[PDB]
Amino acid sequence: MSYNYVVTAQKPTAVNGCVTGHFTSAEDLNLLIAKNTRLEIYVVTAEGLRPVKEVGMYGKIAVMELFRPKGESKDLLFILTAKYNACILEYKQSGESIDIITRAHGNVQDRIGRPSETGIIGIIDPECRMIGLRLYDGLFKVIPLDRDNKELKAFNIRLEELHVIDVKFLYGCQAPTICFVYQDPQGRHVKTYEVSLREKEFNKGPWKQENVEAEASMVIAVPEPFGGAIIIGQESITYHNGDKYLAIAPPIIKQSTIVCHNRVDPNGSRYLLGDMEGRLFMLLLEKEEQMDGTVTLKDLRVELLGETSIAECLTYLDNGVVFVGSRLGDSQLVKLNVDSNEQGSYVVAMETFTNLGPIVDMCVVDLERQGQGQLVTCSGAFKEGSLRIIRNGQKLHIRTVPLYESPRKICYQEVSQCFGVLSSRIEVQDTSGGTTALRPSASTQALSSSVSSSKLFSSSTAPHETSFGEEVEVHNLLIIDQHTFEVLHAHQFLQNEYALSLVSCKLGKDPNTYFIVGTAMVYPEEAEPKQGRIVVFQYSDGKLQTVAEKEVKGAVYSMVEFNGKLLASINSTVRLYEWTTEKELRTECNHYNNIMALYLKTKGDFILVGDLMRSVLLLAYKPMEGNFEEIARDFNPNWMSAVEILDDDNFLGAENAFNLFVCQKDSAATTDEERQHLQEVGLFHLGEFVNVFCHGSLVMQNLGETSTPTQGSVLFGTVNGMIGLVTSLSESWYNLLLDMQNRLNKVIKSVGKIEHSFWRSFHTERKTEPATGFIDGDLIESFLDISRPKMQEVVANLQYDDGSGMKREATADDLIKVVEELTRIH
Amino acid sequence: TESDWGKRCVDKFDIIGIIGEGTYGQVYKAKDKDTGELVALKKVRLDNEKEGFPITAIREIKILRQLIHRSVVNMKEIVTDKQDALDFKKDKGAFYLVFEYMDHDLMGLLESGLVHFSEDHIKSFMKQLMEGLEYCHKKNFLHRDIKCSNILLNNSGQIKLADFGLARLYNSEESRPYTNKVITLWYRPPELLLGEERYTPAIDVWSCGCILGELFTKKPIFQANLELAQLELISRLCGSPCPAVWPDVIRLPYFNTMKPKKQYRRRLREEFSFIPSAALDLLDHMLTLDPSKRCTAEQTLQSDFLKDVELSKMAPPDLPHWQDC
Amino acid sequence: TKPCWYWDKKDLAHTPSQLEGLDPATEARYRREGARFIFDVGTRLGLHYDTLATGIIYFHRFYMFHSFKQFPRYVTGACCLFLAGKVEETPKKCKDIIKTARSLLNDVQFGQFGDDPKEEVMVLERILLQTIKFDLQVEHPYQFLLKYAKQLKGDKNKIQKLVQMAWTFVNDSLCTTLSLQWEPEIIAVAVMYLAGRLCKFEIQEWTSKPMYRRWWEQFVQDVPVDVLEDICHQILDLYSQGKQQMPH
Ligand SMILES: CC[C@H](CO)Nc1nc(NCc2ccccc2)c2ncn(C(C)C)c2n1
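Explain the nonpolar core here, please?
Looking at soluble globular proteins, one finds that nonpolar side chains tend to be buried together. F78 of chain A, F53, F125 and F272 of chain B together with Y58 and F113 of chain C are the most contacted members of the largest nonpolar core, which has 194 residues in total. Sorting elements by how many residues they give to this core places helix 11 (residues 184-199) of chain C first, with eleven residues. Non-local contacts of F78 of chain A, meaning those with residues more than four positions away in its chain, are made with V63, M64, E65, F67, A86, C87, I88, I124, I131 and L133 of chain A.

Given below as structure tokens:
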């Protein structure tokens, strides 16, 4: 068996949802921001936000909504986790003591159901009579909000429309009414139903179905003065309410897909819209009052306000202040002005909240020679693309390098006092027949620049037609100085050439240090790329010179230096190349038992190969023979997102289901079968998506640092900006820490009353397993924050094993010292 | 000639790697040196000398040389390790069963969650599987181990049935005792939970229906670790075993012993309301508690859901692209 | 695809056993003894008639590729029966076959099994499988005797007498090389033909074509009487050579 420890170095920073209400007091205006597994509660002031409370939940927050049922003084909070844990929460404050009350809770998972394409949707009735959940295709789940439903018991209503895009509860209806957009073979439609808690079924809805735009994406529930709903698409915005129908199709919105909506005026006069290019719009409802006294909707208007970060959630707060919650870039507070500035913008940024964005790749480098190590991360996407340099100093110091294009891979080349970074920028087919970039970015603002002239694929004769307005990716290698972080050089790759892998190394007997890039030729028609280039570049005297190129019959997804040789993965094949005295690559040996060789890692003459669905494989290079041998494979099928080698026997992997596992050589030489079987000995539900595993530590090493119980150091970056650390433990230390977790879980109160053991259980949709071989360090590190009575309660009857003293009782002060040493690893 | 098996050497194959570990030996992917065709070679070791050649392999050799069907895997030949010269007693070399290589296994495709099955894909899948099962059932052979891992698929959309290590002949006229529990618990029919021991070909139908539901939910329908817990899960959806729905349930040894918590009513149509009507009817018939009332393979093939499916269009399943990477 | 398991009578002059100097009579005696050993061992173990026959067919086929002087018959017979049990799903443990073989064989005979009987048998399994070319499925005259008899309608007792007599002839033909000369379907007809002659029954009448004098043709196409007589001649020879007489 294997024993490991996992802790969070940086909490998730990307904003996954945000809502406003009166949650902490019936008087205060609250902003609740949701990061993965984390809830932040703020109070809105005239200058900005005042933080009041933050809690973690043992689950990914999927639904977050504030409602106030009749009889309550203040808003209650509904949260549903991605594993279908539901709960209703209340804020309670007693002077200086702030705690979160779990008013109702339960798990709403169905034994049989198909998870929907557009994900979990949760909505609440305007009269707070019920919570609507769309969890499975063809089913609508209703949790009625009666006082007695403390377990959140619920029933399903059969739904004829299997493929639902979005749903909202409407305002101004005689009964609880849902309005939704759905897709069937005939296009997209908008339809209504009434929900009857008495009959536990749908009844005919208030207004008839209407055929809507093919890419109708979002449903906006308009308030009582107007009633009805607004449907947001790619080209048009329509208003529907019985007989009334309006449609505005302003050309400006066609340019970028609109992704988020919020209400500015409680009456529904003004709504805010945002799109993936960061543009922020105001949607205006132009009223017309008849002599009857009735208020109708006259027209819709769309007005461009300015630019914000690419935003997952928008919430207007008060006055001219809007909170911009961003998942791909830094989140923001911006002020909307009535008068435009001299550039034509009504939006002026107030504060910037750091978001490590998606961490696509990262490396640890000791820039200042300090024995510490700093983390340079490829963070963000598109306009929010950034390099983030992170050092420890008690908070983490983060520097941001704006790139305004997507960073893909990073590698450090010390000989050149610089970094190599792969990046891609979006251009659009313009009227010239070529393409034009939406905004200048790192690859265009390089001091010196170069464009590849390779004729390897020039024979073409394969037609790829271009329509004006279509997007294309343009990939570059950026040379970036390690002190100024100024773009020194940018090499634009070939048309339709994607840069997938990057290494900096010496090869063979060649004293020169090269940047080597593995590419793929990507055409929309190809399911799998069938062409590729391995390019060798030397950065010298401010100019990058192509030393050699190797044509391959696929995509070079991953490359890694292997004892003076170049190990590259081309589609199914894993290949080892030798660097000749003629400065050309030569195939040496190949391994082909892979569906898709996405990830590669080396230790000695051993290679760890990561497959899309074939989990992980342990290869070995056999020098006596000049070829590869398969040592052992993990037969259990898992989808891989990143792998890493912990030691000569243990191997770490990350699943696309937000799970971590550790495989080991079965170390029993009895039969050939046992050795060739990698046994999974660690299972852990991380809750984050791991892209990059990287050996290194951010902690300052003065050489005086006490040798911690933990041995080894693997950092990892995730999509939500979370940075974590994996390390190994001795059998004794693990058993001690594991026994303590079980003790801590009985003592510590979970928000939503979510069992910790469930949260960390390995979870694929098809299989669920209890965690094994992993210590939730974040649970262990919470021992220091529980009150003294609880600390002593935890240590009762706690014994140590196999130490200086075989059995040794623990006191609350002994464990406080142990955990405090464990907090020093990050 | 092509028919003189057991003599050709495994030298004739370049071994690529280990695809999976079989129960009686490990299975390796290989390329034929002469033709280039990819084949999967199953390792048969008699060195154990406990009972000599595995009967599980003997069943696969006996049955698969008899069964010819597009939806049934073809054993191409049997080859051997370099045998010891003129000393058979010293020789402990192993034999290999050559099979056509298949690109993917169903269990792997579902587990990655990358594959997406449309109704038409499922139709093409189910039609092939049932056509293979009907061929086998018509030849009076029972598979006895229908699992997602044993369903093999080529990217073309061709489906083939695989492990026959537990297959045995069924005699309708003569009921004879068999192995009490054959199919994996997740796909085991209620009769085997209750220990009929004289099971009918309907055991395979139950499993295939479990697969039908699995293709729609992307999640196994009934997954448990204990035989009673599975009976409860089956009972919740298909209804509790009771004399009205299963007149002969009282004769099954474990009817009184193994009981569900309640006498649950059948809810299959409700819980699978999202499944298309043509298919839902197929499921209700395949997942019928009473083996005598459970539909046959031919009946599943003569189906509104499957009868009008044309095998010319095999509907290739959704392939993960570079973008999916 | 599939191997040819049938030879011409003339070819039996050139079995390995013949060419190593064994005379025709001795190989015939060796075959009867080996077949009867397989039959007797498995009958003592309670084995189905198909299992006994399958072992005997393996045995006969084996000595078309090997010599009796290099492979002891009783070891081979025991190995065949052992494998036959696994093929026909009537399995037996090798130790139990040895136990029974020891009970029925004298001391000289059991000397073939050598110092370790189980090992000599289990080791032979490799050769047997390679020799029979892994063509394990075998059909036997029994099933055809019944498939064909079921289509006869008439005096219940006259037909049952025909079947049992023919069934006896099937059991006796297992001691001969007929299993190597003619498909089982032909054997089943031949024994019906023989029993019909001996009981003075005219099977044509019991068939759905009472006027089709050649009743064998509605069961087995393309069989001349020449063949059915050759088979009958070979079966009755065993009775004339031995003290035993036709069952009647
Ligand atoms: C994956 C389990 C499956 C069970 O028979 N094994 C398997 N799986 C096969 N599929 C390919 C595969 C490769 C690697 C992992 C999983 C599946 C396959 N192809 C041909 N064969 C022969 C032995 C019948 C195959 N056998």
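Is there a simple way to explain the sheet that holds strand 21 (residues 237-241) of chain A in this structure?
Consider a sheet: its strands pair through backbone hydrogen bonds, and that pairing is either parallel or antiparallel. Residue and element names in this part refer to chain A. Read across the open sheet, the four strands follow the order 19-20-21-22; overall the sheet is antiparallel. Unpaired on one side and paired on the other, strand 19 (218-221) and strand 22 (244-248) mark the two borders of the sheet. Between one strand and the next, the sheet's axes are offset by a mean angle of 20°, whatever the strand orientation. Bridge count between strand 20 (residues 229-232) and strand 21: four bridges; the pairing is antiparallel. Its bridge partner being in strand 21, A229 is matched across the sheet by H240.

So what exactly am I meant to see when it comes to the packing of helix 4 (residues 73-87) of chain C against helix 7 (residues 117-131) of chain C here?
Relative orientation and spacing of two packed helices are given, respectively, by the angle between their axes and the distance between those axes. Residue and element names in this part refer to chain C. The interhelical angle for the contact between helix 4 and helix 7, taken along N-to-C directions, is 70°, at an axis separation of 9 Å. Put simply, helix 4 runs roughly perpendicular to helix 7. On helix 7, the residues that touch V75, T76, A78, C79, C80, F82, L83 and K86 of helix 4 are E120, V121, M122, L124, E125, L128 and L129. Per-class residue counts for the contact of helix 4 with helix 7 are eleven nonpolar, one polar and three charged.

Looking at this model, I keep getting lost on the domain arrangement of chain B. Mind explaining?
Residues and elements named next belong to chain B. Segmenting chain B into domains produces domain 1 (10-100) and domain 2 (104-303). One C-alpha centre belongs to domain 1, the other to domain 2, and the line joining them spans 30 Å. Facing the 16 residues of domain 1 at the interface are 20 residues of domain 2. For the pair domain 1 and domain 2, the summed buried surface comes to about 1600 Å²; carbon and sulfur atoms form 56% of the total. In terms of surface lost to domain 2, no three residues of domain 1 exceed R59, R70 and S71, which account for 33% of the buried area on that side. Joining domain 1 to domain 2, the criterion identifies two salt bridges. For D163, the salt bridge is made with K42, and the minimal N-O distance between the two is 3.8 Å.

What's the story with the state of the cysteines in this structure? I'm lost.
Chemically, a disulfide is nothing more than a covalent bond linking the sulfur atoms of two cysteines. Residues and elements named next belong to chain A. For the structure shown, the criterion picks out one disulfide over all chains. Two residues, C18 and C313, share a disulfide whose sulfurs are 2.0 Å apart. Its S-S torsion of approximately 120° makes the covalent link between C18 and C313 right-handed. Placement of the pair is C18 in strand 2 (residues 17-21) and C313 in strand 27 (residues 313-318), with a sequence separation of 295 residues. Since its relative accessible area comes to 8%, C313 is described here as buried.

Whenever I open this one, the UniProt feature "active site" in chain B confuses me. Can you help?
Under the UniProt annotation, "active site" lies at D145 of chain B. Beyond its immediate sequence surroundings of up to four residues, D145 of chain B is in contact with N150, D163, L166, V182, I183, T184 and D204 of chain B.

I would appreciate a short explanation of the interface of chain B and chain A in the present structure.
Note: interface size is frequently given as the accessible area lost on complex formation between the parts. Chain B puts 43 residues into the contact, and the matching count from chain A is 40 residues. Both sides of the chain B and chain A interface together cover about 3700 Å² of buried area, and 56% of this is carbon and sulfur. Three residues stand out in chain B for area buried against chain A, namely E111, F274 and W322 of chain B, and they jointly supply 21% of the buried area on that side. Where chain B meets chain A, there are five salt bridges. Close ionic contact of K767 of chain A with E111 of chain B constitutes a salt bridge, the shortest N to O distance being 3.6 Å. The interface formed by chain B and chain A contains nine residue pairs in polar contact.

Explanation requested: unusual backbone geometry in the structure shown.
One can expect most non-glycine residues to show negative phi and most peptide bonds to be in trans. Residues and elements named next belong to chain A. Notably, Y404 is not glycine yet its phi reads approximately 60°, a positive angle. Take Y404: it is sitting in the loop between strand 34 (396-402) and strand 35 (406-413). Positioned with a positive phi, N496 is a non-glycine residue whose angle comes to about 65°. The topology assignment puts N496 in the loop between strand 40 (487-492) and strand 41 (497-505). In this structure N496 comes out as partly exposed when scored by relative accessible area, which is 27%.

I'm lost on the domain arrangement of chain A in this one. Help?
All names here are of chain A. Per the domain assignment, the segments making up chain A are domain 1 (4-353), domain 2 (359-728) and domain 3 (731-823). In this complex, domain 2 contributes 20 residues to the contact, which on the side of domain 3 involves 16 residues. Roughly 1500 Å² of surface becomes buried between domain 2 and domain 3 when both sides are summed, with 69% attributable to carbon and sulfur atoms. Remark: the boundary between domain 2 and domain 3 carries zero salt bridges. Viewed at the interface, domain 3 and domain 2 are joined by four residue pairs in polar contact. Only strand 54 (650-655), strand 55 (659-665) and strand 56 (678-685) provide two or more residues apiece to the side of domain 2 that touches domain 3. Ranked by the residues each element gives to the side of domain 2 that touches domain 3, the list is headed by strand 56, at five residues. Considering only residue class, the side of domain 2 that touches domain 3 consists of ten nonpolar, eight polar and two charged.

I'm lost on the packing of aromatic side chains in this one. Help?
Both the distance between ring centres and the angle between the ring planes are used here to describe each pair of aromatic rings. All names here are of chain A. Evaluation of the coordinates by the stated rule reveals 45 aromatic pairs over all chains. Centre to centre, the rings of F684 and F774 are 5.3 Å apart; their planes meet at 20°, and the pair counts as stacked. Residue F684 is located in strand 56, and its partner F774 is located in strand 62 (residues 774-776); the two are separated by 90 residues in the primary sequence. Its relative accessible area of 2% is what places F684 among the buried residues. Residue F774 is classed as buried on the basis of its relative accessible area of 5%. A cation over a ring is seen here: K60 above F658, with NZ or CZ 4.1 Å from the ring centre. Over the ring of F155 we find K200; its NZ or CZ atom is 6.0 Å from the centre of that ring.

I keep staring at the interface of chain C and chain B and nothing clicks. Help me out?
The partner chain B presents 29 residues to the 27 residues of chain C that form the contact. When the two sides are added together, the surface that chain C and chain B hide from each other amounts to roughly 2700 Å², 54% of it contributed by carbon and sulfur. Looking at the side of chain C facing chain B, the largest losses of area belong to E89, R126 and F134 of chain C, adding up to 28% of the total buried there. Counting across the chain C and chain B interface gives six salt bridges. Residues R168 of chain B and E89 of chain C are paired through a salt bridge, measuring 3.8 Å at the closest nitrogen-oxygen approach. For the interface between chain C and chain B, the tally reads 15 residue pairs in polar contact. For the side of chain C that touches chain B, the elements supplying multiple residues, two or more each, are helix 4 and helix 7 of chain C.

Looking at this structure, how should I read helix 6 (residues 227-238) of chain B?
Because each turn of an α-helix spans 3.6 residues, side chains separated by three or four positions end up pointing in the same direction. All names here are of chain B. With twelve residues, helix 6 should reach 16 Å at 1.5 Å per residue; the first-to-last C-alpha distance of 16 Å fits that figure. Among the structural elements, helix 4 (190-193), helix 5 (202-217) and helix 7 (268-271) are those in contact with the buried residues of helix 6. Once helix 6 ends, the next one or two residues include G239, with phi positive near 100°.

Where do I start with the arrangement of the chains in this structure?
Ranking the two pairs of chains in contact by contact count places chains A and B at the top. You won't find any contact between chain A and chain C; their C-alpha atoms come no closer than 22 Å.

I would appreciate a short explanation of the UniProt feature "domain: Protein kinase" in chain B in the present structure.
Following the UniProt record, the feature "domain: Protein kinase" maps to residues 13-306 of chain B here. Helix makes up 30% of residues 13-306 of chain B and strand 16%, and the two end C-alpha atoms of the span are 40 Å apart.

Could you clarify how one ought to interpret the site of the ligand in this entry?
Neighbouring the ligand are 14 residues; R614 of chain A together with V27, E100, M102 and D105 of chain B lie closest to it. Mapping the residues adjacent to the ligand onto the chains of the assembly identifies chains A and B. Here a nitrogen atom of the ligand and a backbone polar atom of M102 of chain B are 3.0 Å apart. For the ligand, whose free accessible area comes to 540 Å², the fraction covered by protein is 84%. Sorting the residues of the shell around the ligand by element identifies strand 3 (38-44) and strand 5 (95-100) of chain B as the ones contributing at least two each. Two domains each put at least three residues into the shell around the ligand: domain 1 (10-100) and domain 2 (104-303) of chain B.

Conventions and cut-offs
Residues numbered from 1 in each chain as written, not as in the entry; some residues may be left out. Chains lettered and ligands numbered in written order. Heavy atoms only, no water. Core = buried A, V, L, I, M, F, W, Y, C linked by side-chain atoms within 4.5 Å. Buried < 20%, exposed > 50% of the residue type's maximum accessible area, 1.4 Å probe, protein only. Helix = DSSP H or I, 4+ residues; strand = E, 2+ residues; numbered from the N terminus. Contact = heavy atoms within 4.5 Å. Pairing = 2+ DSSP bridges. Axes fitted to C-alpha atoms, helices over the stretch in contact; angles between N-to-C directions. Parallel < 35°, antiparallel > 145°, perpendicular 65-115°, else oblique. Nonpolar A, V, L, I, M, F, W, Y, C, P; charged D, E, K, R; others polar. Domains from an automatic or database assignment. Buried area = accessible area lost by both parts, 1.4 Å probe. Salt bridge = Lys/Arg side-chain N within 4 Å of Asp/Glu carboxyl O. Disulfide = S-S within 2.5 Å. UniProt positions renumbered as here; feature names shortened; annotations may be inferred. Polar contact = N/O pair within 3.5 Å; in protein donor to acceptor, adjacent residues only side chain to side chain. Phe/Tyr/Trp six-rings, centres within 6.5 Å; stacked < 30°, edge-to-face > 60°. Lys NZ or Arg CZ within 6 Å of the ring centre and 35° of its normal. Expected span 1.5 Å × (residues − 1). Near = heavy atom within 4 Å. Areas by Shrake-Rupley, 256 points an atom, 1.4 Å probe, with all protein chains shown as cover.

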